[PDB]
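Coordinates as given in entry_2.txt (compact mmCIF, C-alpha atoms and all ligand atoms):
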```
# COMPACT_ATOMS: atom_id res chain seq x y z
CA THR A 14 171.93 191.12 87.26
CA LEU A 15 172.05 188.21 84.78
CA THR A 16 168.96 189.53 82.97
CA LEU A 17 171.14 191.71 80.70
CA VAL A 18 173.19 189.03 78.91
CA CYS A 19 170.26 188.19 76.63
CA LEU A 20 169.04 191.78 76.14
CA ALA A 21 172.15 192.86 74.21
CA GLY A 22 172.15 189.81 71.94
CA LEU A 23 168.41 190.40 71.63
CA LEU A 24 169.12 193.95 70.44
CA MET A 25 172.02 192.51 68.43
CA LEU A 26 169.63 190.37 66.38
CA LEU A 27 167.47 193.48 65.90
CA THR A 28 170.16 194.59 63.43
CA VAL A 29 169.90 191.33 61.46
CA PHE A 30 166.10 191.46 61.71
CA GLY A 31 166.10 195.14 60.77
CA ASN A 32 168.87 195.42 58.18
CA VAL A 33 168.41 192.13 56.30
CA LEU A 34 164.79 193.17 55.71
CA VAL A 35 166.28 196.24 54.01
CA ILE A 36 169.01 194.19 52.30
CA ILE A 37 166.43 192.17 50.38
CA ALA A 38 163.84 194.96 50.12
CA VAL A 39 166.11 197.04 47.87
CA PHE A 40 167.85 193.89 46.52
CA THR A 41 165.31 193.46 43.72
CA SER A 42 162.63 196.14 43.41
CA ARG A 43 161.55 197.96 40.26
CA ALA A 44 160.85 201.05 42.37
CA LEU A 45 164.32 201.18 43.96
CA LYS A 46 166.96 202.84 41.80
CA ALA A 47 170.23 200.90 41.70
CA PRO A 48 172.44 203.95 42.51
CA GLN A 49 170.88 204.59 45.92
CA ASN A 50 170.28 200.91 46.71
CA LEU A 51 173.96 199.95 46.38
CA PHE A 52 174.86 202.42 49.13
CA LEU A 53 172.03 201.55 51.53
CA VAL A 54 172.76 197.84 51.09
CA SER A 55 176.51 198.10 51.80
CA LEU A 56 175.65 200.24 54.83
CA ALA A 57 173.13 197.60 55.91
CA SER A 58 175.76 194.95 55.15
CA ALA A 59 178.27 196.54 57.52
CA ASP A 60 175.60 196.74 60.21
CA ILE A 61 174.61 193.10 59.67
CA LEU A 62 178.29 192.11 59.75
CA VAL A 63 179.10 193.94 62.99
CA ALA A 64 175.93 192.85 64.80
CA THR A 65 176.96 189.22 64.36
CA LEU A 66 180.76 189.01 64.41
CA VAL A 67 181.59 191.82 66.87
CA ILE A 68 178.47 192.70 68.89
CA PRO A 69 178.17 189.58 71.13
CA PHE A 70 181.80 189.60 72.29
CA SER A 71 181.50 193.15 73.63
CA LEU A 72 178.83 191.94 76.08
CA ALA A 73 180.77 188.98 77.49
CA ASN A 74 183.99 191.01 77.51
CA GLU A 75 182.01 193.61 79.47
CA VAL A 76 180.91 191.03 82.08
CA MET A 77 182.83 187.78 82.72
CA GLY A 78 184.78 187.47 79.49
CA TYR A 79 188.23 187.32 77.97
CA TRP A 80 189.71 186.38 74.61
CA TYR A 81 189.33 182.62 74.13
CA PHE A 82 190.99 180.26 71.65
CA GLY A 83 193.80 182.74 71.19
CA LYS A 84 194.35 186.49 71.12
CA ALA A 85 193.65 186.28 67.37
CA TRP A 86 190.06 186.81 68.47
CA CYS A 87 191.17 190.06 70.14
CA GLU A 88 193.04 191.02 66.96
CA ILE A 89 190.07 190.89 64.59
CA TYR A 90 187.63 192.12 67.26
CA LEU A 91 189.45 195.45 67.44
CA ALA A 92 190.05 195.60 63.68
CA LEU A 93 186.40 195.21 62.68
CA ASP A 94 185.07 197.54 65.39
CA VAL A 95 187.06 200.35 63.77
CA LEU A 96 186.54 199.15 60.19
CA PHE A 97 182.74 199.18 60.21
CA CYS A 98 182.55 202.59 61.89
CA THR A 99 185.19 204.15 59.64
CA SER A 100 183.40 202.66 56.63
CA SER A 101 179.93 203.53 57.95
CA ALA A 102 180.99 207.14 58.52
CA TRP A 103 182.68 207.30 55.12
CA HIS A 104 179.64 205.72 53.45
CA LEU A 105 177.38 208.37 54.96
CA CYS A 106 179.97 210.83 53.65
CA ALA A 107 179.68 209.49 50.10
CA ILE A 108 175.86 209.47 50.13
CA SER A 109 176.18 213.01 51.49
CA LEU A 110 178.43 213.75 48.52
CA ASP A 111 176.14 211.86 46.13
CA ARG A 112 173.10 213.83 47.33
CA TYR A 113 174.88 217.17 46.90
CA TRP A 114 176.30 216.35 43.46
CA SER A 115 172.92 215.09 42.21
CA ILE A 116 171.01 218.16 43.37
CA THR A 117 173.45 220.57 41.68
CA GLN A 118 175.21 218.98 38.70
CA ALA A 119 171.81 217.77 37.41
CA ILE A 120 171.87 216.03 33.99
CA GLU A 121 175.66 215.70 33.75
CA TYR A 122 175.95 213.75 37.00
CA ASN A 123 173.02 211.47 36.08
CA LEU A 124 174.98 210.55 32.95
CA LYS A 125 177.95 209.71 35.19
CA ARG A 126 175.91 208.09 38.02
CA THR A 127 176.40 204.71 36.35
CA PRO A 128 175.65 201.78 38.74
CA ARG A 129 179.21 200.67 37.97
CA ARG A 130 180.58 204.06 39.06
CA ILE A 131 178.85 203.93 42.45
CA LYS A 132 179.79 200.27 42.90
CA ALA A 133 183.42 201.37 42.55
CA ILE A 134 182.77 204.04 45.21
CA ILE A 135 181.73 201.49 47.82
CA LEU A 136 184.72 199.18 47.32
CA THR A 137 187.04 202.17 47.72
CA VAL A 138 185.35 203.09 51.01
CA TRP A 139 186.25 199.57 52.16
CA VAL A 140 189.80 200.03 50.83
CA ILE A 141 190.49 203.38 52.49
CA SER A 142 188.64 202.32 55.65
CA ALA A 143 191.02 199.36 55.86
CA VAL A 144 193.99 201.74 55.67
CA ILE A 145 192.80 203.88 58.59
CA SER A 146 192.11 200.63 60.49
CA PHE A 147 195.47 198.97 59.81
CA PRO A 148 198.10 200.36 62.23
CA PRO A 149 201.76 200.61 61.18
CA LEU A 150 203.93 198.29 63.33
CA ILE A 151 201.45 198.77 66.20
CA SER A 152 199.11 196.15 67.64
CA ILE A 153 195.72 197.12 69.06
CA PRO A 164 200.48 184.36 73.57
CA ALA A 165 198.43 184.52 76.77
CA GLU A 166 195.18 186.41 77.19
CA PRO A 167 195.79 190.15 76.57
CA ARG A 168 192.69 191.38 78.46
CA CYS A 169 191.19 192.96 75.36
CA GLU A 170 191.24 196.76 75.15
CA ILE A 171 192.84 199.34 72.85
CA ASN A 172 196.24 200.75 73.79
CA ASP A 173 195.37 204.44 74.12
CA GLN A 174 198.41 205.83 72.35
CA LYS A 175 197.53 209.53 72.64
CA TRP A 176 199.14 210.30 69.27
CA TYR A 177 197.70 207.48 67.13
CA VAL A 178 194.33 207.34 68.91
CA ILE A 179 193.28 210.88 68.01
CA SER A 180 194.28 210.59 64.35
CA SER A 181 192.16 207.44 64.21
CA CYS A 182 189.47 208.94 66.46
CA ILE A 183 189.30 211.75 63.91
CA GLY A 184 190.08 209.35 61.06
CA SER A 185 187.03 207.20 61.81
CA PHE A 186 184.33 209.56 63.18
CA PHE A 187 185.26 213.26 63.23
CA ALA A 188 186.49 214.07 59.71
CA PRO A 189 183.89 211.93 57.84
CA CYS A 190 181.06 213.19 60.05
CA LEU A 191 182.35 216.76 59.69
CA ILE A 192 182.21 216.57 55.88
CA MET A 193 178.78 214.93 55.77
CA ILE A 194 177.49 217.64 58.10
CA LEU A 195 179.19 220.34 56.03
CA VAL A 196 177.61 219.36 52.72
CA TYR A 197 174.11 218.77 54.12
CA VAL A 198 174.01 222.29 55.58
CA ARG A 199 174.67 223.49 52.03
CA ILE A 200 171.88 221.17 50.85
CA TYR A 201 169.38 222.64 53.32
CA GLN A 202 170.24 226.19 52.25
CA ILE A 203 169.65 225.36 48.57
CA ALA A 204 166.28 223.74 49.26
CA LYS A 205 165.25 226.67 51.46
CA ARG A 206 166.14 229.13 48.70
CA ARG A 207 164.04 227.38 46.04
CA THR A 208 160.82 227.14 48.07
CA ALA A 209 161.29 230.60 49.64
CA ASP A 210 159.18 232.88 47.43
CA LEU A 211 156.36 230.35 47.06
CA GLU A 212 156.28 229.93 50.83
CA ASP A 213 156.04 233.71 51.17
CA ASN A 214 152.90 233.53 48.99
CA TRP A 215 151.37 230.56 50.83
CA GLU A 216 151.91 232.32 54.18
CA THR A 217 150.47 235.56 52.78
CA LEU A 218 147.41 233.56 51.68
CA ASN A 219 146.96 232.00 55.12
CA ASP A 220 147.63 235.30 56.93
CA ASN A 221 145.00 237.20 54.92
CA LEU A 222 142.64 234.24 55.33
CA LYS A 223 142.79 234.38 59.14
CA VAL A 224 142.56 238.17 58.83
CA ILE A 225 139.35 237.62 56.85
CA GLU A 226 137.84 235.25 59.42
CA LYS A 227 139.22 237.61 62.10
CA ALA A 228 137.72 240.78 60.63
CA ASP A 229 134.75 242.94 61.59
CA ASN A 230 134.03 245.10 58.53
CA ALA A 231 133.74 244.75 54.76
CA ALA A 232 136.75 246.91 53.83
CA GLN A 233 139.14 244.77 55.88
CA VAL A 234 137.96 241.71 53.92
CA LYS A 235 138.11 243.45 50.53
CA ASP A 236 141.73 244.51 51.09
CA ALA A 237 142.66 241.10 52.50
CA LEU A 238 141.11 239.54 49.38
CA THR A 239 142.95 241.89 46.98
CA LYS A 240 146.13 240.99 48.85
CA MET A 241 145.80 237.22 48.33
CA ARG A 242 144.78 237.82 44.71
CA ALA A 243 148.33 238.90 43.87
CA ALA A 244 149.74 236.24 46.23
CA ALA A 245 147.93 233.52 44.27
CA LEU A 246 149.07 235.01 40.94
CA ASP A 247 152.62 235.20 42.33
CA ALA A 248 152.15 231.64 43.59
CA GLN A 249 150.75 230.58 40.21
CA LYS A 250 154.15 231.16 38.53
CA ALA A 251 156.18 229.01 40.93
CA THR A 252 156.99 225.34 40.51
CA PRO A 253 155.63 223.40 43.52
CA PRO A 254 158.04 220.99 45.24
CA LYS A 255 156.56 217.75 43.90
CA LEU A 256 156.34 219.13 40.35
CA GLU A 257 160.03 220.06 40.18
CA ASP A 258 161.79 218.98 36.95
CA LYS A 259 158.49 218.16 35.27
CA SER A 260 157.26 219.57 31.97
CA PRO A 261 154.38 222.04 31.74
CA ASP A 262 153.08 219.39 29.36
CA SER A 263 152.59 217.15 32.40
CA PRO A 264 148.93 217.29 33.52
CA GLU A 265 150.12 217.69 37.11
CA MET A 266 151.93 220.95 36.32
CA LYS A 267 148.79 222.09 34.48
CA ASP A 268 146.55 221.01 37.36
CA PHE A 269 148.64 223.41 39.46
CA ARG A 270 147.92 226.32 37.12
CA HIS A 271 144.20 225.61 36.57
CA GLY A 272 143.97 225.38 40.36
CA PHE A 273 145.13 228.97 40.82
CA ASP A 274 142.89 230.13 37.97
CA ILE A 275 139.94 228.51 39.79
CA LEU A 276 141.15 230.14 43.02
CA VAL A 277 141.64 233.66 41.57
CA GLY A 278 138.12 233.52 40.17
CA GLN A 279 136.79 232.64 43.62
CA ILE A 280 138.69 235.58 45.12
CA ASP A 281 137.08 237.89 42.53
CA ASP A 282 133.63 236.47 43.26
CA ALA A 283 134.26 236.93 46.97
CA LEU A 284 135.45 240.44 46.11
CA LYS A 285 132.05 241.18 44.57
CA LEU A 286 130.35 240.27 47.85
CA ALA A 287 132.55 242.58 49.94
CA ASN A 288 131.81 245.54 47.66
CA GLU A 289 128.09 244.71 47.66
CA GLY A 290 128.19 245.30 51.43
CA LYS A 291 127.45 241.65 52.29
CA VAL A 292 130.20 241.46 54.91
CA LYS A 293 128.98 238.07 56.15
CA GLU A 294 128.50 236.36 52.79
CA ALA A 295 132.03 237.49 51.87
CA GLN A 296 134.00 235.84 54.68
CA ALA A 297 131.74 232.80 54.20
CA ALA A 298 132.78 232.60 50.54
CA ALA A 299 136.38 233.22 51.65
CA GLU A 300 136.34 229.90 53.51
CA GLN A 301 135.29 228.31 50.22
CA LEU A 302 138.48 229.78 48.74
CA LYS A 303 140.59 228.08 51.43
CA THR A 304 139.13 224.59 50.92
CA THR A 305 139.49 224.90 47.15
CA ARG A 306 143.14 225.96 47.49
CA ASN A 307 143.95 222.98 49.72
CA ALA A 308 142.33 220.35 47.49
CA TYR A 309 143.95 221.81 44.36
CA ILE A 310 147.38 222.81 45.69
CA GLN A 311 148.23 221.04 48.97
CA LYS A 312 148.98 217.75 47.19
CA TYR A 313 151.75 219.48 45.22
CA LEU A 314 153.44 221.18 48.17
CA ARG A 315 154.56 217.71 49.28
CA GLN A 316 158.25 217.08 48.67
CA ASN A 317 159.60 215.38 45.56
CA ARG A 318 160.70 211.74 45.44
CA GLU A 319 164.41 212.61 45.53
CA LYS A 320 163.94 215.21 48.27
CA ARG A 321 162.51 212.48 50.51
CA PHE A 322 165.63 210.33 50.16
CA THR A 323 167.95 213.23 50.99
CA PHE A 324 165.95 214.33 54.04
CA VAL A 325 165.65 210.75 55.29
CA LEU A 326 169.44 210.44 55.18
CA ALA A 327 169.62 213.80 56.93
CA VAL A 328 167.70 212.08 59.72
CA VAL A 329 170.18 209.19 59.54
CA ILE A 330 173.16 211.51 60.02
CA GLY A 331 171.23 212.77 63.03
CA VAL A 332 171.54 209.32 64.60
CA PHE A 333 175.16 208.78 63.53
CA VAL A 334 175.98 212.07 65.24
CA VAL A 335 173.73 211.36 68.24
CA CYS A 336 174.95 207.78 68.74
CA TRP A 337 178.68 208.12 68.04
CA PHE A 338 179.64 211.69 69.01
CA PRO A 339 179.23 211.11 72.78
CA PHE A 340 181.48 208.05 72.55
CA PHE A 341 184.15 209.64 70.35
CA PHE A 342 184.17 212.93 72.23
CA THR A 343 184.55 211.25 75.63
CA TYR A 344 187.10 208.84 74.15
CA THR A 345 189.01 211.78 72.68
CA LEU A 346 189.00 213.55 76.05
CA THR A 347 190.70 210.50 77.58
CA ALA A 348 193.95 211.75 76.02
CA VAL A 349 193.80 214.62 78.53
CA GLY A 350 191.82 212.51 81.03
CA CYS A 351 189.49 215.17 82.39
CA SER A 352 186.26 213.47 83.46
CA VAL A 353 184.79 210.21 84.77
CA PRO A 354 185.09 207.28 82.35
CA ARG A 355 183.83 204.66 84.82
CA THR A 356 180.12 205.54 84.60
CA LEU A 357 180.02 206.99 81.08
CA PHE A 358 182.22 204.68 78.99
CA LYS A 359 179.73 201.81 79.27
CA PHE A 360 176.76 203.95 78.21
CA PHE A 361 178.57 205.54 75.26
CA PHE A 362 180.04 202.23 74.08
CA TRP A 363 176.51 200.84 73.74
CA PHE A 364 175.05 204.08 72.37
CA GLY A 365 177.43 204.19 69.42
CA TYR A 366 176.84 200.48 68.86
CA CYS A 367 173.04 200.61 68.60
CA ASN A 368 173.44 202.91 65.57
CA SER A 369 173.69 199.82 63.36
CA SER A 370 170.41 198.31 64.59
CA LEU A 371 168.43 201.57 64.44
CA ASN A 372 169.12 202.50 60.81
CA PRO A 373 166.07 200.58 59.44
CA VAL A 374 164.15 202.02 62.41
CA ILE A 375 164.25 205.64 61.22
CA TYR A 376 164.25 204.24 57.68
CA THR A 377 160.65 203.00 57.86
CA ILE A 378 159.59 205.71 60.34
CA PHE A 379 159.92 208.41 57.66
CA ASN A 380 160.21 206.93 54.15
CA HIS A 381 156.82 206.16 52.61
CA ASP A 382 158.23 203.42 50.37
CA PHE A 383 159.82 201.73 53.38
CA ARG A 384 156.64 200.85 55.29
CA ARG A 385 155.17 199.07 52.27
CA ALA A 386 158.46 197.32 51.48
CA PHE A 387 158.58 196.06 55.08
CA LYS A 388 155.01 194.74 55.09
CA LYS A 389 155.41 193.17 51.64
CA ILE A 390 158.79 191.51 52.24
CA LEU A 391 157.34 189.30 54.98
CA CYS A 392 154.03 188.19 53.42
CA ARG A 393 155.20 188.01 49.78
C1 LIG B 1 186.67 199.76 69.59
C2 LIG B 1 186.13 201.12 70.05
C3 LIG B 1 187.21 201.96 70.74
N1 LIG B 1 185.57 201.85 68.93
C4 LIG B 1 186.32 202.40 67.77
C5 LIG B 1 187.70 202.39 67.45
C6 LIG B 1 188.18 202.98 66.30
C7 LIG B 1 187.28 203.61 65.43
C8 LIG B 1 185.92 203.64 65.72
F1 LIG B 1 185.05 204.25 64.87
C9 LIG B 1 185.44 203.03 66.90
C10 LIG B 1 184.03 202.90 67.48
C11 LIG B 1 184.22 202.40 68.87
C12 LIG B 1 183.19 201.32 69.13
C13 LIG B 1 183.10 200.11 68.47
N2 LIG B 1 182.07 199.46 68.99
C14 LIG B 1 181.53 200.22 69.93
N3 LIG B 1 182.21 201.35 70.01
```

Conversion result in structure tokens:
Amino acid sequence: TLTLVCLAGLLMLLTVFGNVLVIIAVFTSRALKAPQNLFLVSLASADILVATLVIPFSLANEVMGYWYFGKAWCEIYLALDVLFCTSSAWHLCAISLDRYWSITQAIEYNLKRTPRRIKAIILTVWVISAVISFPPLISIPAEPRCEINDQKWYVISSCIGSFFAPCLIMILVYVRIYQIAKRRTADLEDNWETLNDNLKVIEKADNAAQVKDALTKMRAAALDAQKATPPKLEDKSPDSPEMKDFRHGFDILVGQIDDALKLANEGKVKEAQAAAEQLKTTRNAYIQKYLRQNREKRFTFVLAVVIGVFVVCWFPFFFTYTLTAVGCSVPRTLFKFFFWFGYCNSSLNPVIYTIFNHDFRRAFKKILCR
């Protein structure tokens, strides 16, 4: 009934509450690099702009509302509701492009990733997003009963121009990103699995020979693993004590395999598997902390999760809105749900942001207390 008028504005403030916290979190932090911050703050600035200037009207217009103090309100209301979503999609596209270029072009791109360069990128997103939003000689006096003239021709070019094409690209480059990351870690993950497999085989073994062969197996696996670069220690020197801690760790391990190999040949089947558990624990304490993903890999994956919500929130709306050109299915029950679903995308960006990024939780708890 009337309980819902406050809920939407309540969730509308959740964008201000959520995104402004991010706006100032990255605003001035020695940990936050300026290249990435610029993009996450203009994205959070579009969300904080649409939650205030466009969000509330959609609720009243949805129940007991019409354009007041002129249709000019219905002019800008349409124009910003496309602008933010065309710019938000295109921003996610550019971060998608930034993440790809950084992972591949390496030193050269870092030289060109000047904060001024990426500042220029954002303004251009606003520029080109304003072109897709501005209609040529076509308007989106008395009350007009605010909706969008569903010109089948224009609508789809804009429907694609706002959501489809930018989302398509950002999906298309991130699938290349995933394949690259999977290729790097592949061989090492072979080894780590082979270690774990032979370990369980050791604990799940009944005779000494089975253990001895399992042990000899992992011995090569560890040596093969010893020559990889673990994910955290990517682009670090072998002068870095972390990269050396990795190596010493597999020396220490190999030795323990050999010592456990002496027990299996001595005929002490039980002592062997016992000592094999000691191998496992040692491996975890030495190695596990380096299998964790690098600092740049976290940012790329976390924005992979963000594209997951831009697709999940907006695709139902745009796909049902695109189908209206052929008018196949029920809009009455679905339009309302999908119009909100796409809209909550702006409030839920800092939600996934702190839910996954380790720097986010601390930046959220330290922004408030100061
Ligand atoms: C105004 C409606 C039709 N919308 C629109 C129009 C053009 C581009 C575009 F990306 C969007 C999103 C969608 C919408 C805005 N607010 C909630 N849903």

Which residues are near residue 313 of chain A? Cut-off 10 Å, only C-alpha atoms, ignore same chain within fewer than 3 positions. Put them as an mmCIF file with C-alpha atoms, in the frame of the given file.
```
data_model
loop_
_atom_site.group_PDB
_atom_site.id
_atom_site.type_symbol
_atom_site.label_atom_id
_atom_site.label_comp_id
_atom_site.auth_asym_id
_atom_site.auth_seq_id
_atom_site.Cartn_x
_atom_site.Cartn_y
_atom_site.Cartn_z
ATOM 1 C CA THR A 252 156.990 225.340 40.510
ATOM 2 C CA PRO A 253 155.630 223.400 43.520
ATOM 3 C CA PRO A 254 158.040 220.990 45.240
ATOM 4 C CA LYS A 255 156.560 217.750 43.900
ATOM 5 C CA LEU A 256 156.340 219.130 40.350
ATOM 6 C CA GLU A 257 160.030 220.060 40.180
ATOM 7 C CA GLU A 265 150.120 217.690 37.110
ATOM 8 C CA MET A 266 151.930 220.950 36.320
ATOM 9 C CA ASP A 268 146.550 221.010 37.360
ATOM 10 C CA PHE A 269 148.640 223.410 39.460
ATOM 11 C CA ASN A 307 143.950 222.980 49.720
ATOM 12 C CA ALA A 308 142.330 220.350 47.490
ATOM 13 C CA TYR A 309 143.950 221.810 44.360
ATOM 14 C CA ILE A 310 147.380 222.810 45.690
ATOM 15 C CA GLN A 316 158.250 217.080 48.670
ATOM 16 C CA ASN A 317 159.600 215.380 45.560
#
```

Can you tell me how far atom CA of residue 91 of chain A sits from atom CA of residue 50 of chain A, in Å to one decimal?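 Atom CA of residue 50 of chain A lies 28.8 Å from atom CA of residue 91 of chain A.
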
Could you check how far atom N2 of ligand LIG 1 (chain B) sits from atom CA of residue 166 of chain A, in Å to one decimal? 20.2 Å

Surroundings of ligand LIG 1 (chain B) up to 9 Å, based on all atoms listed in the file, as an MDAnalysis selection string: chainID A and resid 63 67:68 71 90:102 145:146 170:171 178 181:186 337 340:341 344 361:367

Coordinates-based distance that separates atom CA of residue 216 of chain A from atom CA of residue 240 of chain A (Å, one decimal):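 Interatomic distance here is 11.7 Å.
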
Contacts of segment 282-356 of chain A with segment 116-123 of chain A up to 10 Å, shortest pair per row, only C-alpha atoms, as a Markdown table:
```
| residue | atom | partner | partner_atom | distance |
| --- | --- | --- | --- | --- |
| A:319 | CA | A:116 | CA | 8.9 |
| A:320 | CA | A:116 | CA | 9.1 |
| A:323 | CA | A:116 | CA | 9.6 |
```

Excluding segment 327-330 of chain A and any residue of its chain fewer than 4 positions from it, enumerate the residues within 10 Å of it, using all atoms listed in the file, and give them as a list in words. residues 102, 105, 106, 109, 190, 193, 194, 197, 198, 200, 201, 321, 322, 323, 334, 335, 336, 368, 371, 372, 373, 374, 375, 376 and 379 of chain A

Counting all atoms listed in the file, the residue among A:275, A:133, A:196, A:66 that lies closest to residue 89 of chain A is A:66

Using all atoms listed in the file, find the one residue out of A:48, A:34, A:20, A:165 that sits nearest to residue 125 of chain A.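 With all atoms listed in the file as the atom set, the closest residue is A:48.
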
Let me make sure I understand: among A:259, A:272, A:318, A:332, which one has the smallest atom-to-atom distance to residue 305 of chain A if we use all atoms listed in the file?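 Ranked by minimum distance to residue 305 of chain A, first place goes to A:272.
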
Fewer than 6 positions away in the same chain doesn't count, so skip those; otherwise give me all residues within 12 Å of residue 290 of chain A, counting all atoms listed in the file, as a ChimeraX atom specification. /A:230-235,283-284,296

Around all listed atoms of segment 36-53 of chain A, padded 6 Å per side, what centre and edge lengths does the axis-aligned box have in Å to one decimal, as lines of an AutoDock Vina configuration file?
```
center_x = 167.9
center_y = 198.4
center_z = 46.3
size_x = 26.0
size_y = 24.4
size_z = 24.0
```

Please determine, counting all atoms listed in the file, which residue among A:107, A:378, A:47, A:72 has the shortest atom-to-atom distance to residue 359 of chain A. A:72

Could you give me, as a ChimeraX atom specification, the residues that sit within 9 Å of (138.2, 235.9, 50.2) in the file's coordinates, counting only C-alpha atoms? /A:221-222,225,234-235,237-239,241-242,279-284,287,295-303

Considering all atoms listed in the file, state which residue in the set A:153, A:245, A:343, A:224 is at the smallest distance from residue 271 of chain A. A:245

Compare A:56, A:346, A:51, A:61 by their minimum atom-to-atom distance to residue 127 of chain A, counting only C-alpha atoms, and give me the closest one. A:51

Show which residues sit within 8 Å of residue 306 of chain A, as a list in words. Count all atoms listed in the file, and ignore same-chain residues fewer than 5 positions away.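 Result of the neighbour search: residues 272, 273, 276 and 311 of chain A.
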